[PDB]
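Engineer: One file: start.pdb (PDB, C-alpha atoms (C1' of nucleotides)).
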ATOM      1  CA  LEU U   4     371.646  76.479 177.880  1.00  0.00           C
ATOM      2  CA  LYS U   5     374.446  76.455 175.291  1.00  0.00           C
ATOM      3  CA  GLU U   6     376.863  73.963 176.844  1.00  0.00           C
ATOM      4  CA  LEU U   7     380.348  72.864 175.742  1.00  0.00           C
ATOM      5  CA  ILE U   8     378.949  70.393 173.194  1.00  0.00           C
ATOM      6  CA  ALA U   9     377.879  73.344 170.990  1.00  0.00           C
ATOM      7  CA  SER U  10     379.942  76.194 172.448  1.00  0.00           C
ATOM      8  CA  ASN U  11     381.724  76.916 169.133  1.00  0.00           C
ATOM      9  CA  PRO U  12     379.525  78.374 166.357  1.00  0.00           C
ATOM     10  CA  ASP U  13     382.743  78.763 164.271  1.00  0.00           C
ATOM     11  CA  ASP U  14     381.661  82.088 162.730  1.00  0.00           C
ATOM     12  CA  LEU U  15     383.515  84.686 164.867  1.00  0.00           C
ATOM     13  CA  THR U  16     383.827  85.743 168.523  1.00  0.00           C
ATOM     14  CA  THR U  17     380.388  87.372 168.953  1.00  0.00           C
ATOM     15  CA  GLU U  18     379.113  84.510 171.143  1.00  0.00           C
ATOM     16  CA  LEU U  19     380.982  85.642 174.273  1.00  0.00           C
ATOM     17  CA  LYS U  20     379.990  89.279 173.688  1.00  0.00           C
ATOM     18  CA  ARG U  21     376.377  88.166 173.283  1.00  0.00           C
ATOM     19  CA  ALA U  22     376.375  85.888 176.340  1.00  0.00           C
ATOM     20  CA  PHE U  23     378.073  88.374 178.684  1.00  0.00           C
ATOM     21  CA  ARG U  24     375.436  91.102 178.377  1.00  0.00           C
ATOM     22  CA  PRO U  25     371.927  89.988 179.377  1.00  0.00           C
ATOM     23  CA  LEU U  26     369.098  89.814 176.855  1.00  0.00           C
ATOM     24  CA  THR U  27     369.132  86.035 176.444  1.00  0.00           C
ATOM     25  CA  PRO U  28     369.640  82.805 178.421  1.00  0.00           C
ATOM     26  CA  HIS U  29     373.174  82.062 179.481  1.00  0.00           C
ATOM     27  CA  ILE U  30     375.900  79.453 178.948  1.00  0.00           C
ATOM     28  CA  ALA U  31     376.987  76.886 181.532  1.00  0.00           C
ATOM     29  CA  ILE U  32     380.571  76.023 182.486  1.00  0.00           C
ATOM     30  CA  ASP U  33     381.935  73.391 184.868  1.00  0.00           C
ATOM     31  CA  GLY U  34     385.740  73.643 184.857  1.00  0.00           C
ATOM     32  CA  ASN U  35     386.489  75.354 181.539  1.00  0.00           C
ATOM     33  CA  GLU U  36     386.706  78.866 182.964  1.00  0.00           C
ATOM     34  CA  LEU U  37     390.275  79.600 181.806  1.00  0.00           C
ATOM     35  CA  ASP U  38     388.900  80.082 178.269  1.00  0.00           C
ATOM     36  CA  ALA U  39     386.886  83.057 179.570  1.00  0.00           C
ATOM     37  CA  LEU U  40     388.959  84.724 182.296  1.00  0.00           C
ATOM     38  CA  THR U  41     392.138  85.031 180.225  1.00  0.00           C
ATOM     39  CA  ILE U  42     390.107  87.266 177.912  1.00  0.00           C
ATOM     40  CA  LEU U  43     388.175  88.906 180.773  1.00  0.00           C
ATOM     41  CA  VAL U  44     391.185  90.438 182.521  1.00  0.00           C
ATOM     42  CA  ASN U  45     392.533  91.519 179.115  1.00  0.00           C
ATOM     43  CA  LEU U  46     389.179  93.126 178.261  1.00  0.00           C
ATOM     44  CA  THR U  47     390.245  96.124 180.366  1.00  0.00           C
ATOM     45  CA  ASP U  48     393.614  97.944 180.665  1.00  0.00           C
ATOM     46  CA  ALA U  60     394.465  85.525 175.606  1.00  0.00           C
ATOM     47  CA  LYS U  61     397.293  84.105 177.759  1.00  0.00           C
ATOM     48  CA  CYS U  62     398.862  87.502 178.438  1.00  0.00           C
ATOM     49  CA  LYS U  63     397.514  88.730 181.822  1.00  0.00           C
ATOM     50  CA  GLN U  64     399.441  86.112 183.821  1.00  0.00           C
ATOM     51  CA  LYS U  65     401.800  88.658 185.393  1.00  0.00           C
ATOM     52  CA  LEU U  66     399.401  91.639 185.268  1.00  0.00           C
ATOM     53  CA  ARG U  67     396.082  90.350 186.569  1.00  0.00           C
ATOM     54  CA  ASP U  68     397.089  91.951 189.880  1.00  0.00           C
ATOM     55  CA  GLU U  69     396.998  95.473 188.397  1.00  0.00           C
ATOM     56  CA  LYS U  70     393.682  97.330 188.082  1.00  0.00           C
ATOM     57  CA  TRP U  71     392.628  95.088 190.938  1.00  0.00           C
ATOM     58  CA  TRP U  72     392.500  97.314 194.066  1.00  0.00           C
ATOM     59  CA  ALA U  73     388.896  98.567 194.090  1.00  0.00           C
ATOM     60  CA  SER U  74     387.954  99.560 190.521  1.00  0.00           C
ATOM     61  CA  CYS U  75     386.275  96.400 189.216  1.00  0.00           C
ATOM     62  CA  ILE U  76     385.021  95.645 192.744  1.00  0.00           C
ATOM     63  CA  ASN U  77     383.227  99.015 193.091  1.00  0.00           C
ATOM     64  CA  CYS U  78     380.985  98.324 190.053  1.00  0.00           C
ATOM     65  CA  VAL U  79     378.334  96.380 191.979  1.00  0.00           C
ATOM     66  CA  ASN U  80     377.482  99.531 193.919  1.00  0.00           C
ATOM     67  CA  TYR U  81     376.654 101.177 190.583  1.00  0.00           C
ATOM     68  CA  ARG U  82     375.020  97.989 189.280  1.00  0.00           C
ATOM     69  CA  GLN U  83     371.260  98.193 189.693  1.00  0.00           C
ATOM     70  CA  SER U  84     367.956  96.379 189.201  1.00  0.00           C
ATOM     71  CA  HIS U  85     365.812  99.212 187.820  1.00  0.00           C
ATOM     72  CA  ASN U  86     366.976 101.891 185.419  1.00  0.00           C
ATOM     73  CA  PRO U  87     366.196 105.572 186.155  1.00  0.00           C
ATOM     74  CA  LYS U  88     367.906 106.619 182.890  1.00  0.00           C
ATOM     75  CA  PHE U  89     365.039 105.520 180.609  1.00  0.00           C
ATOM     76  CA  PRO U  90     364.456 107.505 178.513  1.00  0.00           C
ATOM     77  CA  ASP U  91     366.190 110.506 180.134  1.00  0.00           C
ATOM     78  CA  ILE U  92     369.800 109.863 181.063  1.00  0.00           C
ATOM     79  CA  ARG U  93     370.595 112.658 183.554  1.00  0.00           C
ATOM     80  CA  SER U  94     368.960 111.004 186.556  1.00  0.00           C
ATOM     81  CA  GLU U  95     371.637 110.194 189.221  1.00  0.00           C
ATOM     82  CA  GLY U  96     370.278 107.051 190.862  1.00  0.00           C
ATOM     83  CA  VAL U  97     370.823 103.430 191.803  1.00  0.00           C
ATOM     84  CA  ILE U  98     367.896 101.071 192.484  1.00  0.00           C
ATOM     85  CA  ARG U  99     368.426  97.433 193.498  1.00  0.00           C
ATOM     86  CA  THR U 100     365.071  96.448 195.022  1.00  0.00           C
ATOM     87  CA  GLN U 101     362.536  94.227 193.291  1.00  0.00           C
ATOM     88  CA  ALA U 102     358.986  94.671 194.629  1.00  0.00           C
ATOM     89  CA  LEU U 103     356.637  94.338 197.593  1.00  0.00           C
ATOM     90  CA  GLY U 104     353.339  92.540 196.977  1.00  0.00           C
ATOM     91  CA  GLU U 105     351.690  90.157 194.571  1.00  0.00           C
ATOM     92  CA  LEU U 106     349.070  90.627 191.911  1.00  0.00           C
ATOM     93  CA  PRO U 107     346.139  88.980 190.178  1.00  0.00           C
ATOM     94  CA  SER U 108     347.264  86.824 187.295  1.00  0.00           C
ATOM     95  CA  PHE U 109     345.976  88.895 184.350  1.00  0.00           C
ATOM     96  CA  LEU U 110     348.209  91.844 185.263  1.00  0.00           C
ATOM     97  CA  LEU U 111     351.971  92.056 184.796  1.00  0.00           C
ATOM     98  CA  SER U 112     355.049  93.507 186.514  1.00  0.00           C
ATOM     99  CA  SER U 113     358.730  92.663 186.938  1.00  0.00           C
ATOM    100  CA  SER U 114     357.716  90.186 189.639  1.00  0.00           C
ATOM    101  CA  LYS U 115     356.415  87.427 187.348  1.00  0.00           C
ATOM    102  CA  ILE U 116     359.801  86.792 185.678  1.00  0.00           C
ATOM    103  CA  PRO U 117     363.113  85.860 187.402  1.00  0.00           C
ATOM    104  CA  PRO U 118     365.278  88.762 188.606  1.00  0.00           C
ATOM    105  CA  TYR U 119     368.764  88.090 187.249  1.00  0.00           C
ATOM    106  CA  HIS U 120     369.359  90.256 184.123  1.00  0.00           C
ATOM    107  CA  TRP U 121     370.604  93.301 186.065  1.00  0.00           C
ATOM    108  CA  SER U 122     373.444  95.432 184.736  1.00  0.00           C
ATOM    109  CA  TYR U 123     375.503  98.613 184.990  1.00  0.00           C
ATOM    110  CA  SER U 124     374.310 102.097 183.972  1.00  0.00           C
ATOM    111  CA  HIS U 125     376.459 104.857 185.360  1.00  0.00           C
ATOM    112  CA  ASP U 126     379.196 106.181 183.113  1.00  0.00           C
ATOM    113  CA  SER U 127     380.546 106.426 179.571  1.00  0.00           C
ATOM    114  CA  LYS U 128     384.243 106.041 180.458  1.00  0.00           C
ATOM    115  CA  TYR U 129     383.738 103.116 182.875  1.00  0.00           C
ATOM    116  CA  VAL U 130     381.897 100.868 180.400  1.00  0.00           C
ATOM    117  CA  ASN U 131     384.925  98.525 180.369  1.00  0.00           C
ATOM    118  CA  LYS U 132     384.792  98.097 184.181  1.00  0.00           C
ATOM    119  CA  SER U 133     381.439  96.260 184.504  1.00  0.00           C
ATOM    120  CA  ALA U 134     383.124  92.849 184.106  1.00  0.00           C
ATOM    121  CA  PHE U 135     383.766  89.947 186.533  1.00  0.00           C
ATOM    122  CA  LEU U 136     380.858  90.799 188.871  1.00  0.00           C
ATOM    123  CA  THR U 137     377.783  91.540 186.707  1.00  0.00           C
ATOM    124  CA  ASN U 138     377.441  88.439 184.504  1.00  0.00           C
ATOM    125  CA  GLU U 139     375.712  85.079 184.908  1.00  0.00           C
ATOM    126  CA  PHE U 140     376.942  81.484 185.090  1.00  0.00           C
ATOM    127  CA  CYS U 141     373.841  79.177 185.426  1.00  0.00           C
ATOM    128  CA  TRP U 142     375.476  76.099 186.947  1.00  0.00           C
ATOM    129  CA  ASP U 143     372.398  73.899 187.449  1.00  0.00           C
ATOM    130  CA  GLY U 144     369.512  76.357 187.888  1.00  0.00           C
ATOM    131  CA  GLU U 145     368.455  79.154 190.278  1.00  0.00           C
ATOM    132  CA  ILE U 146     370.157  81.527 187.858  1.00  0.00           C
ATOM    133  CA  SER U 147     371.441  84.720 189.486  1.00  0.00           C
ATOM    134  CA  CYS U 148     374.408  87.084 189.274  1.00  0.00           C
ATOM    135  CA  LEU U 149     377.877  86.476 190.735  1.00  0.00           C
ATOM    136  CA  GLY U 150     377.721  88.871 193.703  1.00  0.00           C
ATOM    137  CA  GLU U 151     375.101  86.813 195.557  1.00  0.00           C
ATOM    138  CA  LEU U 152     376.514  83.286 195.136  1.00  0.00           C
ATOM    139  CA  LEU U 153     380.055  84.322 196.157  1.00  0.00           C
ATOM    140  CA  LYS U 154     379.469  85.393 199.774  1.00  0.00           C
ATOM    141  CA  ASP U 155     380.589  82.182 201.534  1.00  0.00           C
ATOM    142  CA  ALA U 156     383.923  80.573 202.408  1.00  0.00           C
ATOM    143  CA  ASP U 157     383.631  77.090 200.867  1.00  0.00           C
ATOM    144  CA  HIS U 158     383.006  77.624 197.146  1.00  0.00           C
ATOM    145  CA  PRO U 159     383.851  75.455 194.107  1.00  0.00           C
ATOM    146  CA  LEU U 160     385.425  76.356 190.712  1.00  0.00           C
ATOM    147  CA  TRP U 161     388.449  77.975 192.393  1.00  0.00           C
ATOM    148  CA  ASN U 162     391.023  76.356 190.088  1.00  0.00           C
ATOM    149  CA  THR U 163     392.155  79.743 188.727  1.00  0.00           C
ATOM    150  CA  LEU U 164     392.782  80.858 192.319  1.00  0.00           C
ATOM    151  CA  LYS U 165     395.079  77.921 193.139  1.00  0.00           C
ATOM    152  CA  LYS U 166     396.719  77.826 189.684  1.00  0.00           C
ATOM    153  CA  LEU U 167     396.815  81.356 188.208  1.00  0.00           C
ATOM    154  CA  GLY U 168     399.398  82.570 190.718  1.00  0.00           C
ATOM    155  CA  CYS U 169     399.215  86.221 189.650  1.00  0.00           C
ATOM    156  CA  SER U 170     396.034  86.541 191.746  1.00  0.00           C
ATOM    157  CA  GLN U 171     397.326  86.699 195.315  1.00  0.00           C
ATOM    158  CA  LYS U 172     395.200  86.351 198.457  1.00  0.00           C
ATOM    159  CA  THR U 173     394.992  89.901 199.784  1.00  0.00           C
ATOM    160  CA  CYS U 174     391.781  91.432 198.340  1.00  0.00           C
ATOM    161  CA  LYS U 175     389.305  88.523 198.253  1.00  0.00           C
ATOM    162  CA  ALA U 176     388.110  89.176 201.818  1.00  0.00           C
ATOM    163  CA  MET U 177     387.388  92.806 200.900  1.00  0.00           C
ATOM    164  CA  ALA U 178     385.151  91.529 198.092  1.00  0.00           C
ATOM    165  CA  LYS U 179     383.495  89.230 200.638  1.00  0.00           C
ATOM    166  CA  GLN U 180     382.872  91.988 203.203  1.00  0.00           C
ATOM    167  CA  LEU U 181     381.954  94.809 200.791  1.00  0.00           C
ATOM    168  CA  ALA U 182     378.955  93.055 199.179  1.00  0.00           C
ATOM    169  CA  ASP U 183     377.201  91.926 202.368  1.00  0.00           C
ATOM    170  CA  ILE U 184     374.005  94.025 202.233  1.00  0.00           C
ATOM    171  CA  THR U 185     373.167  95.903 199.033  1.00  0.00           C
ATOM    172  CA  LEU U 186     369.654  94.654 198.132  1.00  0.00           C
ATOM    173  CA  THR U 187     367.992  97.372 200.242  1.00  0.00           C
ATOM    174  CA  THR U 188     369.779 100.594 199.238  1.00  0.00           C
ATOM    175  CA  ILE U 189     367.605 103.056 197.309  1.00  0.00           C
ATOM    176  CA  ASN U 190     368.696 106.659 196.837  1.00  0.00           C
ATOM    177  CA  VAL U 191     367.203 108.900 194.195  1.00  0.00           C
ATOM    178  CA  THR U 192     367.510 112.596 194.983  1.00  0.00           C
ATOM    179  CA  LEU U 193     364.959 115.002 193.523  1.00  0.00           C
ATOM    180  CA  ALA U 194     367.078 118.107 194.157  1.00  0.00           C
ATOM    181  CA  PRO U 195     367.740 118.566 191.245  1.00  0.00           C
ATOM    182  CA  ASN U 196     367.516 115.999 188.389  1.00  0.00           C
ATOM    183  CA  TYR U 197     365.314 114.971 185.444  1.00  0.00           C
ATOM    184  CA  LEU U 198     363.109 112.481 187.318  1.00  0.00           C
ATOM    185  CA  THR U 199     359.524 111.889 186.167  1.00  0.00           C
ATOM    186  CA  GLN U 200     357.238 112.394 189.173  1.00  0.00           C
ATOM    187  CA  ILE U 201     353.465 111.975 189.320  1.00  0.00           C
ATOM    188  CA  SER U 202     350.597 112.346 191.809  1.00  0.00           C
ATOM    189  CA  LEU U 203     347.458 110.259 192.285  1.00  0.00           C
ATOM    190  CA  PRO U 204     344.800 109.937 194.995  1.00  0.00           C
ATOM    191  CA  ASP U 205     345.551 106.674 196.769  1.00  0.00           C
ATOM    192  CA  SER U 206     343.337 107.364 199.774  1.00  0.00           C
ATOM    193  CA  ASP U 207     340.205 109.517 199.727  1.00  0.00           C
ATOM    194  CA  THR U 208     342.023 112.728 200.706  1.00  0.00           C
ATOM    195  CA  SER U 209     345.745 112.009 201.081  1.00  0.00           C
ATOM    196  CA  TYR U 210     347.315 112.088 197.614  1.00  0.00           C
ATOM    197  CA  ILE U 211     350.620 110.340 196.863  1.00  0.00           C
ATOM    198  CA  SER U 212     353.429 111.628 194.610  1.00  0.00           C
ATOM    199  CA  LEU U 213     354.820 108.375 193.211  1.00  0.00           C
ATOM    200  CA  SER U 214     357.436 107.990 190.458  1.00  0.00           C
TER     201      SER U 214
ATOM    202  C1'   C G   1     346.170 116.654 189.636  1.00  0.00           C
ATOM    203  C1'   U G   2     347.427 112.761 183.068  1.00  0.00           C
ATOM    204  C1'   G G   3     355.847 108.329 183.308  1.00  0.00           C
ATOM    205  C1'   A G   4     353.918 116.166 185.543  1.00  0.00           C
ATOM    206  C1'   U G   5     354.855 121.431 183.430  1.00  0.00           C
ATOM    207  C1'   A G   6     358.274 123.105 178.196  1.00  0.00           C
ATOM    208  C1'   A G   7     359.466 121.407 173.145  1.00  0.00           C
ATOM    209  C1'   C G   8     359.325 125.312 164.555  1.00  0.00           C
ATOM    210  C1'   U G   9     363.958 118.924 161.286  1.00  0.00           C
ATOM    211  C1'   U G  10     365.203 121.346 156.520  1.00  0.00           C
ATOM    212  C1'   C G  11     367.572 122.972 151.682  1.00  0.00           C
ATOM    213  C1'   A G  12     368.567 120.741 146.104  1.00  0.00           C
ATOM    214  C1'   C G  13     367.092 116.699 142.718  1.00  0.00           C
ATOM    215  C1'   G G  14     366.215 114.890 133.758  1.00  0.00           C
ATOM    216  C1'   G G  15     365.654 106.453 134.118  1.00  0.00           C
ATOM    217  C1'   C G  16     366.460 106.363 129.135  1.00  0.00           C
ATOM    218  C1'   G G  17     367.537 103.453 124.215  1.00  0.00           C
ATOM    219  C1'   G G  18     365.491  98.621 120.933  1.00  0.00           C
ATOM    220  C1'   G G  19     361.689  94.707 119.817  1.00  0.00           C
ATOM    221  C1'   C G  20     356.479  90.060 113.665  1.00  0.00           C
ATOM    222  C1'   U G  21     353.051  85.700 118.741  1.00  0.00           C
ATOM    223  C1'   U G  22     351.303  81.969 114.953  1.00  0.00           C
ATOM    224  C1'   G G  23     349.462  77.086 112.380  1.00  0.00           C
ATOM    225  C1'   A G  24     344.444  73.670 112.346  1.00  0.00           C
ATOM    226  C1'   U G  25     339.259  73.119 113.905  1.00  0.00           C
ATOM    227  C1'   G G  26     331.034  69.697 111.720  1.00  0.00           C
ATOM    228  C1'   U G  27     327.743  70.686 118.666  1.00  0.00           C
ATOM    229  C1'   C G  28     323.352  67.496 117.438  1.00  0.00           C
ATOM    230  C1'   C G  29     318.937  63.801 117.918  1.00  0.00           C
ATOM    231  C1'   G G  30     313.383  64.171 120.487  1.00  0.00           C
ATOM    232  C1'   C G  31     309.121  67.550 122.207  1.00  0.00           C
ATOM    233  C1'   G G  32     300.225  68.623 122.567  1.00  0.00           C
ATOM    234  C1'   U G  33     300.043  74.439 127.938  1.00  0.00           C
ATOM    235  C1'   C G  34     294.519  73.295 128.904  1.00  0.00           C
ATOM    236  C1'   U G  35     289.416  74.017 131.637  1.00  0.00           C
ATOM    237  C1'   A G  36     285.680  78.596 133.789  1.00  0.00           C
ATOM    238  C1'   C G  37     283.939  84.208 133.612  1.00  0.00           C
ATOM    239  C1'   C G  38     277.154  89.910 133.186  1.00  0.00           C
ATOM    240  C1'   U G  39     281.300  96.356 134.596  1.00  0.00           C
ATOM    241  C1'   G G  40     276.960  99.250 135.217  1.00  0.00           C
ATOM    242  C1'   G G  41     274.518 105.686 132.393  1.00  0.00           C
ATOM    243  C1'   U G  42     268.040 104.243 138.004  1.00  0.00           C
ATOM    244  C1'   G G  43     264.747 108.430 135.708  1.00  0.00           C
ATOM    245  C1'   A G  44     268.775 111.635 133.345  1.00  0.00           C
ATOM    246  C1'   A G  45     270.945 118.760 128.402  1.00  0.00           C
ATOM    247  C1'   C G  46     263.851 120.508 125.826  1.00  0.00           C
ATOM    248  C1'   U G  47     260.725 123.083 122.340  1.00  0.00           C
ATOM    249  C1'   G G  48     261.159 126.782 118.268  1.00  0.00           C
ATOM    250  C1'   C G  49     262.781 130.544 114.433  1.00  0.00           C
ATOM    251  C1'   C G  50     266.802 132.591 110.352  1.00  0.00           C
ATOM    252  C1'   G G  51     270.533 130.657 107.460  1.00  0.00           C
ATOM    253  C1'   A G  52     270.117 127.562  99.462  1.00  0.00           C
ATOM    254  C1'   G G  53     274.068 125.354 104.224  1.00  0.00           C
ATOM    255  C1'   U G  54     276.756 117.675 109.056  1.00  0.00           C
ATOM    256  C1'   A G  55     279.717 124.762 108.899  1.00  0.00           C
ATOM    257  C1'   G G  56     277.095 129.126 111.308  1.00  0.00           C
ATOM    258  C1'   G G  57     273.481 133.092 114.568  1.00  0.00           C
ATOM    259  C1'   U G  58     269.312 133.397 117.747  1.00  0.00           C
ATOM    260  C1'   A G  59     264.480 133.258 121.704  1.00  0.00           C
ATOM    261  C1'   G G  60     262.891 130.834 126.200  1.00  0.00           C
TER     262        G G  60
END
Transcribe the structure of this file into structure tokens.

Structural biologist:
Amino acid sequence: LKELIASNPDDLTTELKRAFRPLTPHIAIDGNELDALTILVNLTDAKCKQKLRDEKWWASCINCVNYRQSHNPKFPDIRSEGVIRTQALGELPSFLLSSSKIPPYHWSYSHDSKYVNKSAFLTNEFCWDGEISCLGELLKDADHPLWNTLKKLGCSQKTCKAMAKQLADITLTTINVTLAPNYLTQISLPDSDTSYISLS
RNA sequence: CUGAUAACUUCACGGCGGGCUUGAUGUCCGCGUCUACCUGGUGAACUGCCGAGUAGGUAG
């Protein structure tokens, strides 16, 4: 929503740090991606990564979609040991609310304190012309645009892109919380007349 | 069968010093409140004597 006509607030560099992490609508790019990804590779480990993009590139930044999740079991008790990436099942009357009424794209990474700097390149949002989602869903095909920094930035060789294609095939259905043992809030209610249900 | 069960935040602490609000000021003119008017004691606590005695004691 903040395009290249007003992409420079000219105060300091908090705009990229604000627009990477989701609490707000996102910025749209067309071909000016080299302004972002020469900082993005140098976020971990500005026109310096051009012989060392190919290090810290094996599986570390790729593995952080498995720990990326839709729903957060660490609120407000952080020792929970989960990952939940499944939206809902059902629809409501209109006076009630849920996380179904609003678009599911603000998902992020909650696993570790030392791997905070590894949630880049696969958890953020681009918003090209609408249907705003994350990067792991729209990058599962062969013919894809905006690949100028794949044909030009020659440090990124073609040996691990197919692993990123085949590793993120099906992940929208995996749910695994384990109640033995953690700090998970668990509750019981009568759903039927006799058969209670211990939901969470 | 309650986002389940459990869950002692606390110790010390000097906002003080100084300060001329004043000057002047015509509220007045006029003005018919009037008419009418039963609070009643049914008959109802008497007749005498003494006291010089509107005071005081008696008999019935």

Engineer: For the file shown, what are the residues hit by the PyMOL selection byres ((chain G) within 8 of (chain U)), laid out as a list in words?

Structural biologist: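 For this structure, the PyMOL selection byres ((chain G) within 8 of (chain U)) resolves to residues 1, 3 and 4 of chain G.
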
Engineer: Would you give the centre and edge lengths, in Å to one decimal, of a box along x, y and z around the listed atoms of segment 160-163 of chain U, with 6 Å added to each side, as AutoDock Vina command-line options?

Structural biologist:
--center_x 388.8 --center_y 78.0 --center_z 190.6 --size_x 18.7 --size_y 15.4 --size_z 15.7

Engineer: Any idea what the distance is between atom CA of residue 27 of chain U and atom CA of residue 139 of chain U?

Structural biologist: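 Calculated distance between atom CA of residue 27 of chain U and atom CA of residue 139 of chain U is 10.8 Å.
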
Engineer: I'd like to see the residues matched by the PyMOL selection byres ((chain G and resi 60) around 10) on this file, and ideally I'd get them as a list in words.

Structural biologist: residues 47, 48 and 59 of chain G

Engineer: Would you please work out which residue, of U:113, U:162, U:190, U:196, is nearest to residue 40 of chain U when using only C-alpha atoms?

Structural biologist: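 Ranked by minimum distance to residue 40 of chain U, first place goes to U:162.
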
Engineer: Just give me the gap between atom CA of residue 145 of chain U and atom CA of residue 39 of chain U in Å, one decimal is fine.

Structural biologist: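 Those two atoms sit 21.7 Å apart.
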
Engineer: How many Å separate atom CA of residue 126 of chain U from atom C1' of residue 5 of chain G?

Structural biologist: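 Atom-to-atom, atom CA of residue 126 of chain U and atom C1' of residue 5 of chain G are spaced 28.7 Å apart.
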
Engineer: Could you expand the PyMOL selection byres ((chain U and resi 73-75) around 10) into the explicit residues it covers here, written as number ranges by chain?

Structural biologist: U: 47, 70-72, 76-79, 129, 131-136, 174, 177-178

Engineer: Got time to write the residues from that selection, C-alpha atoms, as a CSV table (one decimal), in the coordinates of the input?

Structural biologist:
chain,number,residue,atom,x,y,z
U,47,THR,CA,390.2,96.1,180.4
U,70,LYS,CA,393.7,97.3,188.1
U,71,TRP,CA,392.6,95.1,190.9
U,72,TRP,CA,392.5,97.3,194.1
U,76,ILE,CA,385.0,95.6,192.7
U,77,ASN,CA,383.2,99.0,193.1
U,78,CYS,CA,381.0,98.3,190.1
U,79,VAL,CA,378.3,96.4,192.0
U,129,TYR,CA,383.7,103.1,182.9
U,131,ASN,CA,384.9,98.5,180.4
U,132,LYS,CA,384.8,98.1,184.2
U,133,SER,CA,381.4,96.3,184.5
U,134,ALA,CA,383.1,92.8,184.1
U,135,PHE,CA,383.8,89.9,186.5
U,136,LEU,CA,380.9,90.8,188.9
U,174,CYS,CA,391.8,91.4,198.3
U,177,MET,CA,387.4,92.8,200.9
U,178,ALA,CA,385.2,91.5,198.1

Engineer: Find the spatial neighbours of residue 100 of chain U, counting only C-alpha atoms (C1' of nucleotides), within a cut-off of 7 Å - ignore same-chain residues fewer than 5 positions away - and output them as a PyMOL selection string.

Structural biologist: chain U and resi 84+186-187

Engineer: Neighbouring residues of residue 96 of chain U were defined as those with any atom within 10 Å, considering only C-alpha atoms (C1' of nucleotides); residues of the same chain fewer than 5 positions away were excluded. Please report them as number ranges by chain.

Structural biologist: U: 81, 83, 85-88, 124-125, 189-193, 196, 198

Engineer: Contacts of residue 38 of chain U at 12 Å or less, counting all atoms listed in the file, minus same-chain residues fewer than 6 places along, as a list in words?

Structural biologist: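 Final neighbour list, sorted by chain and number: residues 7, 10, 19, 32, 44, 60, 61 and 163 of chain U.
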
Engineer: Might you pull out every residue within 12 Å of residue 120 of chain U, with all atoms listed in the file counted and same-chain residues fewer than 4 positions away left off, and present them as a PyMOL selection string?

Structural biologist: chain U and resi 22-29+82-86+99+113+116+137-140+146-149
